[PDB]
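A short worksheet on the structure shown next.
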Amino acid sequence: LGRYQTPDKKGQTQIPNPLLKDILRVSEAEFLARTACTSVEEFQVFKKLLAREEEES
Amino acid sequence: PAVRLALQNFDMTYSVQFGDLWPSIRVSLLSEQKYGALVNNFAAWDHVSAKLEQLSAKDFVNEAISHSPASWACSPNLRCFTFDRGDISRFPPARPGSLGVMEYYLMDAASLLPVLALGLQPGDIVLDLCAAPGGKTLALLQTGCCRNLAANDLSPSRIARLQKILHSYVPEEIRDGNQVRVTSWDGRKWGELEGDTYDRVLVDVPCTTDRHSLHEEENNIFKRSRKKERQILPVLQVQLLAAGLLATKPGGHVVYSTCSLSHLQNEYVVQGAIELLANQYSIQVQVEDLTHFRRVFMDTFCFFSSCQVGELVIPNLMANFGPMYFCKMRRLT
Amino acid sequence: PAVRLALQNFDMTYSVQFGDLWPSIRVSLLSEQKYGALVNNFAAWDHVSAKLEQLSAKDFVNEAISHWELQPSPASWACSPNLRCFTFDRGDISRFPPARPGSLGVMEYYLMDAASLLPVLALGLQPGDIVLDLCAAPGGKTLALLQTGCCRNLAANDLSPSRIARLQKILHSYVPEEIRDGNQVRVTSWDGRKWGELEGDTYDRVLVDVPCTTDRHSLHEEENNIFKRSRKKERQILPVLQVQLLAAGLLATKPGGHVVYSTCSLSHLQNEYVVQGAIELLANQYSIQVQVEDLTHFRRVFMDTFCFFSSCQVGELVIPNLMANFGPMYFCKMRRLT
Amino acid sequence: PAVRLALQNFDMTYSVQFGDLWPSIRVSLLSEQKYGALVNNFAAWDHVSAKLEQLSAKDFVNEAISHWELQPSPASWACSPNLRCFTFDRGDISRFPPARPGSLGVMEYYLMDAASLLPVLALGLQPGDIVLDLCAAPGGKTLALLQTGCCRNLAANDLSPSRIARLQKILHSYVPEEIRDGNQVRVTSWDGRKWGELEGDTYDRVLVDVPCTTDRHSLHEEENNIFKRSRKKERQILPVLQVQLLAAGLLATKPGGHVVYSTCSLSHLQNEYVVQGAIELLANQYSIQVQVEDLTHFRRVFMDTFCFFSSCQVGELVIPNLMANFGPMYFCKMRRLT
Amino acid sequence: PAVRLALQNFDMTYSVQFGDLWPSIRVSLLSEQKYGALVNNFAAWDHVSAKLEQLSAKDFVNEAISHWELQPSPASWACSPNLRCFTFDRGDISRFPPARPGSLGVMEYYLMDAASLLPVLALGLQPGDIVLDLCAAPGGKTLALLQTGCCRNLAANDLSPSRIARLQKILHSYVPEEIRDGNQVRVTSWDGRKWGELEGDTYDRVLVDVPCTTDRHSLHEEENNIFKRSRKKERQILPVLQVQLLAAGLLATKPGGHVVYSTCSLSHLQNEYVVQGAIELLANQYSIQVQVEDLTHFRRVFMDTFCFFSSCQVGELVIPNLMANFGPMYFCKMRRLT
Ligand SMILES: C[S@@+](CC[C@H](N)C(=O)[O-])C[C@H]1O[C@@H](n2cnc3c(N)ncnc32)[C@H](O)[C@@H]1O
Ligand SMILES: C[S@@+](CC[C@H](N)C(=O)[O-])C[C@H]1O[C@@H](n2cnc3c(N)ncnc32)[C@H](O)[C@@H]1O
Ligand SMILES: C[S@@+](CC[C@H](N)C(=O)[O-])C[C@H]1O[C@@H](n2cnc3c(N)ncnc32)[C@H](O)[C@@H]1O
Ligand SMILES: C[S@@+](CC[C@H](N)C(=O)[O-])C[C@H]1O[C@@H](n2cnc3c(N)ncnc32)[C@H](O)[C@@H]1O
């Protein structure tokens, strides 16, 4: 989505990434409403697409 | 690297164009795309249609046509199956049917919309100015409306792929003789050769192929060496669209299309080619409204409705149909 | 060391000025500051406003304008419009998350000291004004001046070309290319004191947010600290420069136009002494009359969000407090008459 | 040429609209117009009124108000007060001499098309109203809005800074310095279409006297003629601009507030379709309900002085006639509900 | 002979270009030219201005700026400031007396073709600009660029070291040692065409006042005449050099920066052809986009003093007329985008 940048080489990003607790600790509904900012239906499809990507190799 | 330069360029350009809609597009471009199975009418379509329905797929064209008054124009006999909204199932590879020709052609379902929007009528003289590898050429043939179909492409290597598709999908009875003509020449020169000849013209121009440019590293337009070629791309596109319009009969129609989200390659090329013909050749070209067409096909695709000229299908995870810009025109004078 | 010299200097001066109020200020300057989220009107402000309300934050500017009628003219006639700045409640120490790009690839909001918006609000921009931000970098107040949608033209100036790069970064991040490349905005890097000669009697509104001892920043950053032993002369001659810049701002103002002078220092030698000093210099040397305008109604309306040192003779002063830790912000509105 | 293109266009369009009434209008547009002397209340109106009565002229606004009871609410509750405008009798072609400064320096009266006062009268200013004149220059109707003594605040706006100079000239000529420089009047020069964003839901009364094909003026002046071959696009897109300005006026109006839209054109395209268009645009795009108010009693009362085209569906229209040669003047009162 | 070949060539070429306008130009080129007195701001301009007003001369840059509002941005934003140039009225043929050293031993004013100031004015210098005069000698326009007080840095270049001596003479005669002997003014005598390589993307403003057929001078002076039989190749390849110098100027300009190209020739081959040629060369060879900026408002404002050939596609052209005998002066403003 572009809402999480990988830090490197000095451990710095253009925009600061969301806090680990706001990504993982929080509910799927709050994650999507405040952090990811996408619909519920869209993430359900993402989970299925990613599951298949992992299954192959 | 070129894949990262492509995404880097998209982040700069497309975050501005789509705003808060860009993330939903970005994730879709970086995920698996959705395909539609264009049924081959030469291979007994009724059995193929029935076979594809067993997978829970549905002909989106049949769904679209059933639905607004029948004022809008649309190319017929195109049956293209897709899975439901949110379904990520994949079609198995097509196989040769009982007549030795392939049952269906897998493709981006959105690639059928410029062909549909072009509105082929029975007995039309049709031109596909940048035809290779032949996905849209194949669809133009499937309509059964082409009296004559000119398929052109500058690259003789991509024309081999077009010939492979024609041999794989079209019976020799329909390829030869005078119904199909495959040429390999500069499309920009069509104003001089074959001017005012065609009823319908498809100008599916070479562009930055946004989705493909994020997957394939070989022959990537965003490579450092291909900087000039990429920057002069809107010049070429206008030159090809203007040539398409000059080969169109007065009163005839043209569909311009790209597989890019860039406004520089989409609307600005339509706006540019219309000006060039009005000033240099004194030919008037009217952009036709595809709002009814859009509204009817919105059930299957995500459109960026803020489009001034033409229409744009944007990729979304619910319907991951790649960037597809298209604009219908009528040459008046 | 320079951080300790700054605090040492503030203990000597500000204990005398504020008296028994100085400790409450001292603890606030040595603790985390409170920020406000200035909404970007180019980035679809309605969605950003709604998103910021989910955090329990509230637009202090709207709250203020609502009570403009309570205790002469509409708020829009007195106070610069369309500025939406969200802050958390009094006593709340929550932090806003970093802004991200939105509606036109522009950043949704700009985090800043909420008090920094008050000189811009107090300046009272009206539709179609020719505006000048004489000491504009890094661009926080420049950004707010643009957000009003009143600037026919906006001149942003700063002597430092390095700080102008930061101003250009903010304009590229927050403003679409349509506005920042046109004749609506002009970024220059020149001595602001020379504006009396070049561009005299030109601007309707002028902001003179002068370089000062940046009291809060001087206690945090050791690099480029004004209280360093080598910068002793530079710091002592600072009220001369501040008068020179304010006088230049007034000379670039049209007769009848208005100017807001501001600092982020508690020192009276940089605040009231500069306003009086520039008004005298223009009356003696140029025979130009300058009237200080009363911001008591403006203060009273904004007192609900900020702590003001009400004992100000000319202008107004926001003092930092733990309940509302909005850094030192001095500001004075003036009208050039002749 | 442009004068002939204007007449050519009006022969095509207005022979169809008015039918057998068009000749009586055509001859009136091509003959000398009738003026009214709007008395200046700041210049001791009682002496000016007495002076103007010596010429055999009579205040048509007073004559109208007298018959307000004949054929719901006092005239002052419906119709903007303290406007004294003298005209000669029906059929009289006498001209008023030029106005002169009085004992107070301000000019005694302002000569104008008497019909231009009707949109201001119809707007129904009440004491203490916040008023906006969105397309104010050169200031004839602005001047009348001030004369009522009802404006708490009066915003006068016009995109052209050159026509604003003429508005400032009129304000300096007729209005005392005490009023014109205070917080009671504010002259701006900015696009009126942007008032929805800046200063929304602010005004009690709003006048939107839009730029139009100025039918009478376009048949006299060849310079800056809207019917010039070069100004073909500008003239065709004129109803878009007119809706944009009216919609902006309505967005600037408080819910419950009132707006008068007006033109000095006879075309249905610039009159009723602009009113209907702007009402639709606000209902669809902003979900704001706007009600057209009936001015039949207002018309009937003022019919004694002006010729009205009574077949008007929305609003009212004063048509020029040789007996009362008061130029085309379309006007429609509206109330913003939500 | 070379003077007759120049006129012979102009009769062939310019009778076709201007048509029935060529005689009025021809008589003006063969008669005494009109001069303007550019006031020296370093030599107390207020006394010089007052002294020049006694002769019945008037500052045309001020007259022009006054009408900048009539018929977007302040004049200072669009047009280079602090340039005071006095000329006699339209039709007056009076001559200014020679300039004398004044207060600080510097020359009071510089006599020149008033039109030569227009490319400098049109270039629109803003405070703090890095400026380049690629073909600066003998220094008339260099002097004007300095007079603005906007140049952070001014690069003055000319291939001829003999004409650079004249430029140094003017700088010593008009500019005090404090400025000329500093990092503000840099005089070089290198090839201007090589500026793309050395000092690329460096300047905010660039003046490319190229060597041309100097139409008026070529009809007076027989020595060093471009129309001599031996200089046939040099004269024919002149549009190549001109494009090479303009392209070099554009390559030295920062992206977003502006360039003014100018000549003192009526020949379209040296004017518009060179502008299109350099824009094409940059687009094809370097993939740099260059936009010609419209100077119609600039022209319209200065039309009161000069005769312009309004049929100019790109740029503007001042044509000599007996009423205002200001020599051929072509000029075109550009913006480098990429
Ligand atoms: C997007 S592809 C067309 C896709 C095709 N219509 C399909 O649906 O399978 C664009 C094509 O333009 C071709 N092309 C590039 N320059 C050309 C030119 N000057 N004239 C004609 N074709 C050209 C490329 O070789 C490329 O095959
Ligand atoms: C407090 S900062 C302005 C803050 C800015 N208005 C904002 O809100 O982001 C004061 C500025 O004055 C600038 N400055 C110092 N001397 C100057 C001068 N002579 N002319 C103009 N600016 C000057 C400094 O570079 C510094 O950026
Ligand atoms: C009919 S005049 C107003 C007459 C004025 N109310 C009077 O009675 O003296 C219409 C005005 O609209 C102004 N105008 C045009 N476009 C405008 C815009 N976008 N915003 C505001 N005023 C505009 C014109 O400059 C013109 O003065
Ligand atoms: C018209 S003059 C400049 C007039 C000057 N700007 C003024 O206003 O006084 C043109 C100049 O171009 C110079 N020149 C010729 N070739 C050149 C080159 N390659 N590079 C730089 N200057 C050159 C000539 O020596 C001549 O002085």
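Please note: Cβ atoms are built from the backbone with ideal geometry, for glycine as well, and neighbour counts cover all protein chains shown. Each value in this text was obtained by applying a stated rule to the coordinates, not by laboratory testing.
Pairs under 9 Å by beta carbon, first residue more than 7 Å from chain D (Cβ to nearest Cβ) in the stretch C:64-81, partner of a type in the set (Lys, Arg), six or more apart or different chains?
Listed pairs, sorted by first residue: C:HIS67/C:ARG300; C:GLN71/C:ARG300; C:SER80/C:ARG205.
Yes or no: E:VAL61 within 16 Å of ligand 4 (Cβ to nearest atom), in a helix (DSSP H, G or I) and of a type in the set (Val, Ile, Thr)?
For E:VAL61, the condition - within 16 Å of ligand 4 (Cβ to nearest atom), in a helix (DSSP H, G or I) and of a type in the set (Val, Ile, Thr) - is not met.
Out of (1) in contact with a helix residue (DSSP H, G or I) (Cβ under 6 Å, 6 or more places away or on another chain); (2) surrounded by fewer than 20 Cβ atoms within 10 Å (Cβ to Cβ), the odd one out for E:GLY91 is which?
Only one criterion is unmet by E:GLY91, namely (1).
Scan the stretch D:251-269 residue by residue and report those that are away from ligand 3 (no atom under 11 Å from the Cβ), outside any strand (DSSP E or B) and in contact with a helix residue (DSSP H, G or I) (Cβ under 6 Å, 6 or more places away or on another chain).
Matches in the stretch D:251-269: D:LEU251, D:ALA252, D:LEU266, D:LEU269.
Which of the residues that make up the stretch C:147-175 are of a type in the set (A, V, I, L, M, F, W, C) and within 13 Å of another protein chain (Cβ to nearest Cβ)?
Result: C:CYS150, C:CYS151, C:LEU154, C:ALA155, C:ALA156, C:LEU159, C:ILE164, C:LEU171, C:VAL175.
Please verify whether the stretch E:131-142 includes one or more residues that are within 14 Å of another protein chain (Cβ to nearest Cβ) and touching a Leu at 6+ places or on another chain (Cβ under 8 Å).
There is at least one residue in the stretch E:131-142 that is within 14 Å of another protein chain (Cβ to nearest Cβ) and touching a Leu at 6+ places or on another chain (Cβ under 8 Å).
Within the stretch B:166-179, how many residues are surrounded by 19 or more Cβ atoms within 10 Å (Cβ to Cβ) and hydrophobic (A, V, I, L, M, F, W, C)?
2
So how many residues does the stretch D:181-193 have that are within 7 Å of chain C (Cβ to nearest Cβ) and of a type in the set (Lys, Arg)?
1
Determine, yes or no, whether B:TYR268 is among the aromatic types (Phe, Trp, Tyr) and either part of a helix (DSSP H, G or I) or surrounded by fewer than 23 Cβ atoms within 10 Å (Cβ to Cβ) (or both).
So B:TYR268 passes the test.
Can you find a residue in the stretch B:168-177 that is more than 19 Å from B:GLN237 (Cβ to Cβ), more than 16 Å from ligand 3 (Cβ to nearest atom) and within 15 Å of the chain's Cα centre (by Cα)?
Within the stretch B:168-177 (the criterion being more than 19 Å from B:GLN237 (Cβ to Cβ), more than 16 Å from ligand 3 (Cβ to nearest atom) and within 15 Å of the chain's Cα centre (by Cα)), the answer is no, since none of the residues qualifies.
Collect the residues in the stretch C:45-63 that are within 14 Å of chain D (Cβ to nearest Cβ) and more than 25 Å from C:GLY105 (Cβ to Cβ), keeping them in residue-number order.
C:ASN62
Could you list all residues from the stretch B:54-69 that are outside any loop (DSSP other than H, G, I, E, B) and surrounded by 13 or more Cβ atoms within 10 Å (Cβ to Cβ)? Before the answer, list the steps.
Of the stretch B:54-69, the ones outside any loop (DSSP other than H, G, I, E, B) are B:58-66.
Hits for the stretch B:54-69 are B:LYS58, B:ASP59, B:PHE60, B:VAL61, B:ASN62, B:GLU63, B:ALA64, B:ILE65.
I need the full set of residues from the stretch D:66-94 which are touching a strand residue (DSSP E or B) at 6+ places or on another chain (Cβ under 9 Å) and on the phi < 0 side of the Ramachandran plot, in order please.
D:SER80, D:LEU83, D:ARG84, D:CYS85, D:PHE86, D:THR87, D:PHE88, D:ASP89, D:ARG90
Of (1) within 16 Å of ligand 4 (Cβ to nearest atom); (2) of a type outside the set (A, V, I, L, M, F, W, C); (3) within 16 Å of E:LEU207 (Cβ to Cβ); (4) surrounded by fewer than 23 Cβ atoms within 10 Å (Cβ to Cβ), E:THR142 satisfies all except one. Which?
(4)
Condition first: out of contact with any strand residue (DSSP E or B) (no Cβ under 8 Å at 6 or more places or on another chain) and loosely packed, with under 14 Cβ neighbours inside 10 Å. Now tell me which residues in the stretch B:233-259 satisfy that.
Listed by number, the list holds a single entry, B:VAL235.
Give the residue that is nearest to the other protein chains (Cβ to nearest Cβ), with candidates limited to residues of the stretch C:195-236 that are part of a strand (DSSP E or B) and farther than 20 Å from C:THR263 by Cα.
C:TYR203
For the stretch B:309-318, indicate whether the set of residues that are away from every other protein chain (no Cβ under 14 Å), buried (at least 23 other Cβ atoms within 10 Å of the Cβ) and in a loop (DSSP other than H, G, I, E, B) is non-empty.
Yes, because at least one residue in the stretch B:309-318 is away from every other protein chain (no Cβ under 14 Å), buried (at least 23 other Cβ atoms within 10 Å of the Cβ) and in a loop (DSSP other than H, G, I, E, B).
For the condition more than 14 Å from E:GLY257 (Cβ to Cβ), within 13 Å of ligand 4 (Cβ to nearest atom) and aromatic (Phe, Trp, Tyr), what is the one hit in E:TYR174, E:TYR109? Give the derivation first.
On the way: E:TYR109 fails: within 13 Å of ligand 4 (Cβ to nearest atom).
Criteria check complete, one pass: E:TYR174.
Of the residues B:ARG188, B:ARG211, which single one is closer than 24 Å to B:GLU311 by Cβ, in contact with a helix residue (DSSP H, G or I) (Cβ under 8 Å, 6 or more places away or on another chain), surrounded by fewer than 24 Cβ atoms within 10 Å (Cβ to Cβ) and more than 14 Å from chain E (Cβ to nearest Cβ)?
Residue meeting the stated conditions: B:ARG211.
Count, please, the residues in the stretch B:29-66 that happen to be among the aromatic types (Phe, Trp, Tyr) and within 27 Å of A:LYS48 (Cα to Cα).
Residues flagged as among the aromatic types (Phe, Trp, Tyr) and within 27 Å of A:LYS48 (Cα to Cα) within the stretch B:29-66 amount to 2.
For the list (1) at negative phi; (2) not in a strand (DSSP E or B), I need the number of the one condition that E:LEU38 fails.
Going through the list (1) at negative phi; (2) not in a strand (DSSP E or B), E:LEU38 breaks only (2).
May I ask you to verify whether C:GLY102 is within 14 Å of chain B (Cβ to nearest Cβ), in contact with a helix residue (DSSP H, G or I) (Cβ under 6 Å, 6 or more places away or on another chain) and buried (at least 22 other Cβ atoms within 10 Å of the Cβ)?
yes
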